[PDB]
Structures are given as structure tokens and as C-alpha cells.
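Shown next, in C-alpha cells, is the structure this report addresses.
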Amino acid sequence: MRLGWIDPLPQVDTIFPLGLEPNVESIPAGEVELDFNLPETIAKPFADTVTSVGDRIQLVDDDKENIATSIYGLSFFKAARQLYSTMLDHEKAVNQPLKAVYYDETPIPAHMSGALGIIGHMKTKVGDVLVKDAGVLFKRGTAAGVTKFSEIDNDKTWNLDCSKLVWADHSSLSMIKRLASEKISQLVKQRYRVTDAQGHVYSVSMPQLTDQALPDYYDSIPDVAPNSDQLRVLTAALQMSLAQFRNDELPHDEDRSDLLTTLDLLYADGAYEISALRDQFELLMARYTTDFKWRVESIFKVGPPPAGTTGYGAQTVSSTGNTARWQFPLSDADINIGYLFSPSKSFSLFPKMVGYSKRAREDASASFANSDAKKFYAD
Amino acid sequence: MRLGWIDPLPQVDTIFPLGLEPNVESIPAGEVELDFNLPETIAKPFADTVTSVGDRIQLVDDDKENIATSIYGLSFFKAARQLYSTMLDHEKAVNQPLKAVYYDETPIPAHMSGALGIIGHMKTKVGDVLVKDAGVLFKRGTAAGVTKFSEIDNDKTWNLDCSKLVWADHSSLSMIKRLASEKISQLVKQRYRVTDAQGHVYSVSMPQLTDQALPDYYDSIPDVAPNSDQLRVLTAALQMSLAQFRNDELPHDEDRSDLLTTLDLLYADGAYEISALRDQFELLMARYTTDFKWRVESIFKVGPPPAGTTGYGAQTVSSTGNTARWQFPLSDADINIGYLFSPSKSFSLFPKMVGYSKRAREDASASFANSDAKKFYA
Amino acid sequence: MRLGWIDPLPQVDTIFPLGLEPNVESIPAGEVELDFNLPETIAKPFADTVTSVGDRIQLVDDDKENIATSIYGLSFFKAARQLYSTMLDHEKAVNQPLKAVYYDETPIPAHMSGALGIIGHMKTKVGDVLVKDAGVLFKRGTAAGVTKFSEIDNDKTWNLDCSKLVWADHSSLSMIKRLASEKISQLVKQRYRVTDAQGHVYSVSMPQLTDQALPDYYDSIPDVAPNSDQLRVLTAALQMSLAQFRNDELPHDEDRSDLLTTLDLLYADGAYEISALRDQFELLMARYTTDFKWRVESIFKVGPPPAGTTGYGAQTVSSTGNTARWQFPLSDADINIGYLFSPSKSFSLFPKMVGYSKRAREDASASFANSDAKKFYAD
Amino acid sequence: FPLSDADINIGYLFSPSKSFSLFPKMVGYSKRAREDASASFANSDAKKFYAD
Amino acid sequence: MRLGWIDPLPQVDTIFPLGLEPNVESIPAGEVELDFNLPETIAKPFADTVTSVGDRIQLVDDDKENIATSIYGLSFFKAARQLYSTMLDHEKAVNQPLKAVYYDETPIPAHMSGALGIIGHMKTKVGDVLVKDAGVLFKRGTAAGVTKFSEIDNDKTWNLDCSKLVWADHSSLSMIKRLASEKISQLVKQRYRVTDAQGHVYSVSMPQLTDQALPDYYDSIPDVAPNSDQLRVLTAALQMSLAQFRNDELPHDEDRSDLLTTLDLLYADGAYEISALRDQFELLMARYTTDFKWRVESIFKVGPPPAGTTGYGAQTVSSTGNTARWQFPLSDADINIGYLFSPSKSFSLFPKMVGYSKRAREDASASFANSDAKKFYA
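Residue numbers (PDB author numbering), protein chains in the order written: chain A, 42 to 420; chain B, 42 to 419; chain A', 42 to 420; chain A'', 369 to 420; chain B', 42 to 419. A prime marks a further copy of an entry chain.
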């Protein structure tokens, strides 16, 4: 039943009565980062195709656009539904407020559905490989649909770059802090030559956040150091609690507007605030049902929105030009679909197993050796 | 068939024949770093019974000890054989001189032979997983056997920690160079204060060797920076040419003596020089045949030494007390033998596949989508 | 099995045991030069017809044009596919970069397909008759489609006379040099009267490029001679290597801009450069699939694009008025189709066979004569 | 060149030859240029993404 | 059975059992001189598709060019392998050092492998037809691959026309000596006038080197005779000992520099020295594995390199335009592959058989005849 990844060793069972059973030592087994625009990459072909089939019911140019715009937004909403459908029980839980996005079953073009069906966490013969920052993604994906739809009317209430939004929850905070660490070590690679009373040019660089205490690391930042400001904000973020993040009370009296403007994120608040998104979604959906559903379904062969429990290999494919690249063995369907929408940003498989023996190694070894024993000293 | 690691996509139709067949891009697709002592860990149990059972037979003192020593020595010699057997074409070419080690078929305790069989490069469903630094290891494993056997006569000609030895061939060079980069990005993590007129004592570190050219990096090293001298040597080493390394003429006039002492290595020359080992091996073998073979073979059921084509999953396990630890799915015997000898220091799998397409994505998608268009009827 | 072109000779077999078997001494056996606009000549009727059937789905005037424009471009692309499909293996090889043009199977009007099916190299009971400069044509045909499509939007990036394009490859160079030789001998037919210290009017003319060495022929060109400049450029071209053609380093320090402006060609570069054409093709095709395919297929009965292995007799027909002309015997289908689209510019059949005898002519003759021998001296 | 026994024997009895040369010369014509034929030969190992 | 080349004599009876069985006397019974460029001619088509298809994939510029270069280099390396594989026992012995070239089994485009299979000595119904100067060629073919691969890095260490290289082994020597005789009987055809007091201007030429001894022939060379200096060198060369040639101490104090420059050859030493090539090969191979193997194998369906026992008729064909030309009967595939790569420069078949007889011809004939005698009747 175990992954036939490599040829098994042919051996004598003197050893066999040990008990070493495989146990998943670390969770999860892998991780996949999805390209935010995946929903758009998929919607695109359909949206465009509207210029053709839209004629089946004689749609004016203006209407053709709205229909297409809907297909983009619809794609986002349905991709969210899918992702949410595959989330770990805790994530489905915390994201309860926007579950209407998951519940809604508005039909979409058949193949459009099939493609979307590839996203979400995936269970594999190696363990669970999760969609990185799924919680954040789920909300961004949701915000995006709310924004695309808000184009039907120049309503500027929802007019941000959803691909940068972060909320005041742990899922976001956790990501914030990670992007902080990465950003730091990226800056600490620069070199500024501080000329001292000693010697001349001293091509040097800011210390790496190795073993210092966060508070201390902050102090020890040379006002002179390149991007010395950012290092301050970022180090502060690595400290800040969820609480402080809400109230803009970043440890070393730092501004959240900087932390965000540094990592190039936007603070999802006001309009893009969860409960607001809910209402907005429910409305746009109602509108879609009364103003476009009929048109969309009169143009395309539609089917039910994906909402399964696993994602697929395709999520691990990257495309550029006429080449497609993946890592672990994929089926053809996965390679093809993967090639069409180059869905992944990164992908890591890091399984870790552990087993326990009921025998000390010294004894087990002893037996192994006693196999070649001769009569004069065998049992 | 391909690796059935995850479930296949429910054949999302259409998509003309893009021709995306799979191709391995990563050669190798993974590496395993075996524990230098594996052959010792294996012989241990047998060598041991040679000490316990010894007394009941008339095998005692110097003798008992030599028989036991032999087993460790043969263990290294036989493990070398195996490794060589599974080396890439050119790897065998380069080690041509020590091919006598590969040919020798002296019997060994049967199960000891079986265990050594796990050693070597592996062919796997994701590509080729190689034994990191095989060339260096094959030579170390060989020197180790010559060294162990030397204990029989106390002959101190071969008296060195074989784990550290490095020769003047390319295999060893790459290793030196890698171990250098390791050290640099390791030392550079250290801090030191620069008390300046303008702004009191600072706190900075030696700049990471990023995109800067080796030459300049060398110069730009302040004597004040912790381990200033070493950074110099190691940087210089990153520049060496196999020839330079072989003649102690390291760029920026550094000493091989330091480069090696910094990386806690030893230069295999004089006695441990390839050629010399070859001869000594031949003698040790002819000596073993006459003098110890009979005892060794009267204590154990022996069998032919391994000489397979591939290593095995087992090489991927790590042990401590009563726990084993591995990464990717192994058979049972692989996990078992693995727990008994804890063969690996580290293991990395990192596949990369590639496919080519007749058409670009735009039209491919435009079509995929077009299948949902409804036909203008009446 | 041999071409029953003429009545066979009735003869006695004393001779017959010779071995003279026919072998193709020279390749190819023939050559056909196609009228560049053949794709347009064919598309035309369909493009026009759109004004009628376009109504089946109520197309606005603007859209009707784009649809038609597409049919022109589509014709070019599919004609290229066909030609490429019949090319000798070396040509298919060198032209590998634009093979997407060959691969694409977008449907076109049924009869439009049938007509296009006539183009390309043709295997005959006399040998292979090739489409002259097929390689160059294939690219020009391709460039043309890319240009027609670039009219849907006034995109002037692709706005040249594809019928004059030449690239930096051997197929083009080879043609260049040929057009040079022809051009020369066309100019060397003029007469300029150089009055000397000797006599008066000396109606003379520039020497013919008979046996001179190219370098020498260049020098010996009288500054006075009519179109003396051209003779210089052209003679230079006859020398230039492929290498020099790229870098504008024409032997006798001549400008490529002249060589081209003389033979009335354009240097395909920048926009019309192979790899650029590829990308451009892939895009326009994608666009066609999403903006017109449905419309086109809702108007016409469409079929698969030609892509066979042989061209047909029709390629050798010329039309003018109500008369149609060809050379070697053609079927009716070939004459008719040929008449509708007057596809050829020129056509030559120059087969060359060679055979070897196992007997010297003197012996074979001897035997032939011994047939009428009488008893007193026969064997 | 290889002879039958009868030929070797009779030949041995009367040593009939002073000299002997075999200098055959064959020639063949292809209906395809070498460059094309070569192209095809190579296209045999072609993969899907660029085969016909 | 024997070669059924001609019709068998209608069994002219009698003749007691003389015992005239056939025996090959000519060893070899024929030779083929392969065109040094055969491996290039073969790789051409493949290397080419690597340039055309390259662009559609993301393979471009330096890269596209290196992949293509590899194919030429592997073509030489693999053609060497083949040739060595079919060499006579001692031929392999002498080239022992470069045996790594023979062992390497790196895959190549399948049909490219198939084509290289035509290379090598042949076993035939008339004796053994050998590849003239195999030793020299095997080494040239090897140097060629090392040289081609050097283009990847522009490394000009290996920058020579490998077709000319000659080493200081016997294989090369015989060649030198032969090429010498060639030149002499070639230059000696030239005339020069000797205006004498007794009888005006004459017209004579340097005497053909017939039965005269090399030493004397040397002296007897008039500075006036066209190409006087060369005749000297070449004659001297006919006298050299492998040792002399190897140390530039040519008899009659001539210079190897001239001998080689006369015969438009090059002395393989320094970089192109046997040993050096061995090492460089091993590196090139380890480099190819990591860096180019994946691309090469993703463009073509590859297969194992040839390593047969015999070459084939194909090696006997010559091509030009659309005509092929051979001498003795070849199969169809032999004529075809032959026309595609025009592998031969020259080809000579020259069998010689021998038989022994128990009795002399006189009595043998006297008997043959006696069978027609009539028996005295009554």
C-alpha cells in the first residue's frame, strides 16, 4: 500500500519481529503556494469567448462586458467555494462568517468548473500537502469577486488590489510575521562601508537575526544601515501580538502604515471588512441571479461549481512559453490542465516518519549476526 | 507507470494533443549522505562474537584481536567494492586504479554481506538518488580498511583518521569548495563592534558572500572581523584550481595547511596516496588469505561480497536508542536494516520534471473554453 | 507502369539482355512557381459572401468585415499549413520554428478547404515537381495572415507587403542570388553610345556575365553604363555570403538597402522576424477562437484544413478572361479549379533519366546484326 | 576469390593463370537529396512536441 | 559454405585426394579507409533539429548552441567506442589507457546510435577487411570529442585540427612512414633541367626510390631537384625508429617539425597527449551528465551507444549529390545508410588463398590423363 517510489530490499526475517511501524512525526507533509490570479487565468478564456456566443441571444456590446465581468467575479467566488470545501476543520470553522460563499451553487461553464476543481488542500500517499495561507487566500479570493462585480457599476466602494489584503486575524498575522522574517534577511544582504577612526573603507553589513532577542535586535540597528527604517518596522512586527496589530500599537512605537507599506500589503478594513464582504456578496449574487444568470446560461453549457475534498497534482505545475514544469510524477490530465493555467508559485514535500522498536539496537544487531552462527556456539 | 503518489485529475477533457510528455530535468534527483562509519557499525556484531566465542575455542589474546580486526577491515574493503559497483560510468573511470578493490571476492559473514548490499546509488521513480561524494567516500572506505588492517602489526605507516582524508582529484575538490561555502556563511553570522568617532560603538558583521566577486571579497575582509584569517583561506579555496590545490599555491598566497586544518581535513599523500594503497591492499589481501581466512570462515557462515547495481531505501534511515526516522515511504526490511545500522547523515529528494508543448497556452485555453459554447440553433 | 506518353516500339529480344534500367539522373524532375495571392484569390469569394449569410446571426456591418478579414488571414495560414505539409523533410526541418502554423487545425469553409488542398509539392510519374522557393513562400504566406489579422485593429506593427519579404536564411539568399542573375542579364540588354577619339556614335552595351570572375566583373563596370549602379549591387550580391547578408557587409562595400530596393524586396526583420511571427500567430489564433470561430461556423458549413502530402495539376493552370491554359494533360477537376484561381506563375518539367548497360555498344550491336546471319557464318 | 574444389584441383594441375583482377564498380541514384533523406533519418527519434 | 561468387566446375572426375583444402594467406584480406568526419556527418541532422526546434522550447542562444555542440562531441566519443569495440586483440591492448571511452554508455539519439553501428573491422567471406589505421583514428576520434566539447567554454586548451594529430606510438608511425613513401614517389615525378657543357640543357628527374638503400638515397639528393629539402626529410623519416621520432632526433639530422609540416600533420603532445585526454574525457562526461544530459534526452528518443563486434558493408559507400558508389555487392540498408553518410575515402579487397597437395603435379596429371586409356581387350 506504501508509495512504490523505490525498489524494496530483499531480506531474511531474523530481524522482522521488531515493531518499527511508520508514524507521521511531523504535520503537514507538504505545502503548495498558489498563484493568486489562478481564478482569473481560468475565467479569461470564457470571459473573452463571450464576444462570440453572446450573439446567440443578441447581446449589445455593453451587456457582453457585464456578462464577461460576471464570469471573472463568478470564477473567484467559485474558486473560494472549492478551496473552503477542502480546508481543515479549524479553517472552515474560523471562516464560518463567509460560509455563504461556500454554500452558493450558482452554475458556471462546464469546463470552467472542471478547471477550478483542481484547487485546495490535497491528501496524498505521503501526507497532507496544504495550500499556503489558505485562510488569507479564501478571503482575498472572496474580496476579488466582490470587486470584479463592483465594476458592473462604477461603484468605487470596492476598488483595491485584493491580492494585498490582510485582516486582523491569526491566519493573516502568521503570514505577516513570516513575510517579515523573509524581508529582513533579504535586506541584511546589503553592504554599507562605515569609515572609522580605525582603518578606511570597511565594506560591512547589518547583522543577521541569528540568536539575538527580538527587543535587542531592534536597538542594535545602526541608523546608518541601508533600509534601516524597514528593519525597525519589520523587527517590531515579529514582536507585535494580534491585539496590537488591530490597534496600531506596534511595539517599538512603530506605524502599521509602514509595516504594510513595506511588505506591500493593504489593511483590509472598512469596506473590505469580513461582515461587509458578506452582505456585499449576498447582494451581488442576488443581482447576478436576476440580471445575468439567464443570459450566461443561454450562452454556455453550464455545470455545478466544484466543491470536492481534495486538490490535484495540477496545482503543482508552472508554465512559461511552451514549457511546463513540475516536481513529483503527475498524470497527463494534471500536466495539461497545469500547463494551461500555471497555478503554482512554489511547492514543497517534506514528509517525516518515525518508528519505535521493541528491541534495543544492540540486541537486534546481536540476532542479525547470530544468523551466520555455526553449531558450536548457536542456541 | 508513473509514481502513484497522489490522485489523478478526473480527465478534464478537450485540450488538443499538446504533446506534453514528462522528462527528468534534475540529474541527480536526490542525494544521500552516508555515515562514514556504516561499515564499522555493520561489522561490530560479528567482530564482537569473535571476542566472546573466542575463549571457548583456543582463540585468544593477540589472535582473538586480529581476527576481530580483520572483520572490520574486510567490512570497509567490501563496502568499497559495493559502492564502486554502483558508481556512474565516469566515477568508475576516475577510480580505475583502485579497481582491484572491486574485483576481490573474499567471502564474509553472510548477513554482513547482505547488509553491505544496501550501499550505493539508487534508481528511483523520480530520478537518480546519488551517494554524495562517492569518489571521496570510496577512497576513504578503502584507506580505512588498509588502516584497520595495519593495527594487526601495529605498523603505524597507515595511522590517520581516514574520515578526514581528501585526495587531489576533482571529487575531493568539489567537496572542499562546498565545505568552504558552508563555513563562510557560517562564520559571517558572527558580530563585532566598530567604535567610530561618528556615532559610538556600532554592531555589524562580515558581509555575506552574495554577488560580489571572489577576488574583491577576499580583500574586503577586515582583520578585526571574527575569524578574519579563516574567511581569507576559505575564500581563496573557492578560487583554487585543482592544480593549485595540488601544489599548495593557493590564490592570494594562502596555505593549504590552513585550508585543511580549518575544515578539519587531511591531505592524503605519501602513504595514503592512491597508488600506495593499491599495493598495500594487494598485500593485505594475500596476507589475509593465508593467515586469517581460515579462522574467520570457521567462526561464521560466509558468503560472497555484495556487488550490486543499486543501493536501497535503508540508506535513508537514522537511529537513536529505539527509534528510527526516515522521510519517504520505505519497505519493512528497508526500515529494519535501516534502524540496525543508521546509515544516513542526511537525505534530500528534489525532483524536477519538464514537458514541451506544440501550442502556446493562449490558443490552448481559448479552445478548452470554447467547448462550452452553445450552437446557434434555428 | 511507366508513363504511357507515347506508343512503344515493337521489337525482337536478341538485344534485351542488357540491363539498361532507368535511374533518376537529376533531381527534381520539375518545378512550379505559384502566384503569391493564390490564398487571397480563393478566400475572396467566401469573404465577400459574408455580406449575405452574415445575417443568419444578424452581424452588424463592422463585425461582418472582421469576419471576412479573418477569412482572408485564415486562408493564408491554412494555405501555409498545406504547403508545409508537402515540403521535403529538410524544409519541414529548417522551418520547425513556425510549425504551429502547420499544427493548428481551425476549421474553414468546406469548399474553401478543398480549393486550398491543391497547393504544395507534387509527386508525379515523372518525378517530384517542387513549389519554387517553398521555404520563402511558407514564411511570406505566414506573414500575410499575421498582417491581414492585424487589420481587425488598426495595429500598424504588421503593415508591410509580405509579397516582398526575405529573411536571413539560405532559402531566401538562394532566391536573392537567382533574382540577381536574372536582373543583371535584363539590364545588360540596354545600349549606350560611347563616342571615342575613334569614330563617332558607337551604339554599345555592357558585357554579359559570361565567363568573368565575379570580382573582376564588378571592376569592369563602366560608370557610364545605364543602370551602372544596380549592376554593381547585384554583382556584389552574387558574391555575398549568408553571413554578410545579415550584417549589411556586401562585398564591394555595397548597401543592402540598395540590393533590396533594386530587386524590390523588403528585409524581414524586427516585427516580421520569425520568432516574432510565431508569438503573433499564436495570439491572433487565440483571438480568432474567442471572437470569430463561433460566428464563422454559424454562417458557413466548415471542414478540416487541407494538410495532405501532394499538390495537384490545378497548380499548373493560368487564367485570363474566359480562357484557361496549362501544359501537361490535366483532369477536369484540375482544369476547372485551376481556371477559377489561376494559381501558377510558371511551370517546367525537366526529367532526366540515365541507364547503364552490362554490354559495350560494339558488342550489343554485333549481336543485333547477327540476328540476320545465315547458316554459313552463324554460331 | 573462393573457388570450388573441382576448380582448385583442376587449377592446381595446370596452373592456368598469369594474373587476375576483380574491379567491380557500382553506382546508384537516389530520388531524394541527401539533406532531406538525412532529415527524415533524424526525425525518426523525434518526440511528440515537434513530430508531424 | 564458400562464397558462391562464380559457377563451380562440372566436377571433372579422377584426381586422387591431393588434399587441397583452402587457407587464407592474406591477413588482412582488405582495408577500408573511413572518412575522418563520418561522426560529424552523422550527428549533423540531429544537431540541426536542436537548432530549429530550440526556439519553440525555451532553448536559445548559448544554450541552444551548447546542446547542439554536445551532440557532435558525443557523436565522436560514441564512434570511438564502437571502433575500439571491434579492434583486434592487440589493438585494444595498445589503447588500454583510453578504455574509459569504450566503457561509457551514455545514451544518444536512437538512430544516431544505429548509424554509428556501421563503424569497425569486418569479418567477411574472403577474410578480414580492416579499418585502416584504427589506432590513429580511435585516438583522433577521441581527441575530436574532447575538442568539440571545449567549444562549450571557449576553453582553447584543446584547439587543434584533430584530423592531423599523430601520437608517438607504432600505429601512427606506420602511417607516417607510408605517407612518406607516398610523397616521395609523388615529388619524384617532377622534372628539372640540367644545362651541361657536354650537351645543352637536359631534362631529368629525381630517381625513384627503387632498390637503393635509404642512407644512399638521402645523400644522392641534389639541392637543385624540385623539393630537395622535403625528399631529404621524408627519406629520413622512412629510417626513423619510434624512439627517434619521439625525441626529434631524426636520422641525417632532420627536423620532426618539417617532417610533420611536410605531411601536414600535428604532433599530439601536451594537451592532446593520451593521458591528458583520458582525464579531460572523464570530466567532460561528468559535466555532460549534470548539465546537458537532460535537454539532449528531452529532445530525442535516445538509446544505448553501439558497441558491436563488426562493422558493415555501408562503410564502403561514397556519396555526392544524389549518387552513391560502391564496389562489391551490398545489402539495401547497407547501400542506404552508406549514401546518407558517405563513410569511405577508399576501399580495397585483395584476397589470397593457399592450398597444399600430397603429390606433385606431374604424377597427378599423368593419372588424370590415364583414365582415357582403353583396355587391351582380347
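Every residue, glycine too, gets a C-beta built ideally from N, C-alpha and C.
Not one beta carbon of chain B' lies nearer than 7 Å to the beta carbon of residue 256(A'). Under DSSP, the beta-bridge partners assigned to residue 388(A') are 73(A'). DSSP places residue 169(A) inside the beta strand (DSSP E), whose first and last residues are 168-172.
With a cutoff of 7 Å on beta-carbon distance, residue 184(A) and residue 313(A) are scored as near each other. For residue 66(B), the closest Cβ of chain A'' is not nearer than 7 Å. Chain A'' has no Cβ within less than 7 Å of the Cβ of residue 162(A'). Residue 147(A) and residue 93(A') have their C-alpha atoms spaced approximately 39 Å apart.
Of the residues assessed, residue 152(A) falls on the buried side of the cut-off, its CB having 16 or more other CB atoms within 10 angstroms.
A distance below 7 Å between beta-carbons, with the five flanking residues on each side excluded, links residue 211(A) to the following residues of its chain, in chain order: 283. Residue burial annotation: residue 154(B') is buried, with at least 16 other C-beta atoms found within 10 angstroms of its C-beta. Within chain A', the C-beta atoms nearer than 7 Å to that of residue 90(A) come from 331, in chain order. Within the segment 287-358 of chain A', the complete alpha helix (DSSP H) runs of at least 4 residues fall at 297-303, 315-332 and 334-340.
In the displayed model, residue 366(B') falls within a strand according to three-state DSSP. For residue 397(B'), there is no enclosing beta strand (DSSP E), as DSSP marks it with neither H nor E. Residue 207(A) has 308(A) as its beta-bridge partners, per DSSP.
Counting only the Cα atoms, residue 371(B') lies some 15 Å from residue 391(A''). For residue 336(A'), the chain A residues whose Cβ falls inside 8 Å of its Cβ are 93 and 96, in order along the chain. Chain order gives the chain A' residues near residue 86(A) as 331, where near means a beta carbon separation below 8 Å. Along the segment 307-323 of chain A', the positions whose C-beta sits under 9 Å from a C-beta of chain B' are 315, 316 and 319, read in chain order.
For residue 165(B'), the enclosing beta strand (DSSP E) covers residues 163-165.
The continuous stretches of alpha helix (DSSP H) do not include residue 238(A'), and DSSP gives it neither H nor E.
Approximately 54 Å separates the beta-carbon atoms of residue 240(A) and residue 168(A); this is outside 8 Å, ruling out the contact. In the three-state reduction of the DSSP assignment, residue 276(A') falls in the helix class, which pools H, G and I.
Boundaries for residue 53(A): no alpha helix (DSSP H) harbours it, and the DSSP string shows neither H nor E there. Here the alpha carbon of residue 311(A') sits roughly 8 Å from the alpha carbon of residue 317(A'). Scanning its chain for C-beta atoms nearer than 6 Å, with the 5 sequence neighbours on each side dropped, one finds around residue 174(A) the residues 216, in chain order.
Per DSSP, reduced to three states, the secondary structure at residue 244(A') is strand.
Listed along chain A', the residues sitting closer than 8 Å to residue 99(A) by beta-carbon distance are 99. By the 16-neighbour rule on beta-carbons within 10 angstroms, residue 58(B) is exposed. The Cβ atoms of residue 159(B') and residue 353(B') sit closer than 7 Å to each other. For residue 405(A), the CB contacts under 8 Å within the same chain, skipping 5 residues up- and downstream, are 56, 59 and 398 in chain order.
Counting along the chain, the unbroken alpha helix (DSSP H) around residue 259(B') starts and ends at 255-260. If you compare the alpha carbons of 98(A), 280(A), 187(A) and 245(A) with that of residue 263(A), the shortest gap goes to 245(A). Bounds of any alpha helix (DSSP H) do not take in residue 230(B), whose DSSP letter is neither H nor E.
By the CB criterion at 7 Å, residue 141(A) and residue 113(A) fall outside the cutoff. Burial of residue 118(B) is indicated by the presence of at least 16 other C-beta atoms within 10 angstroms of its C-beta.
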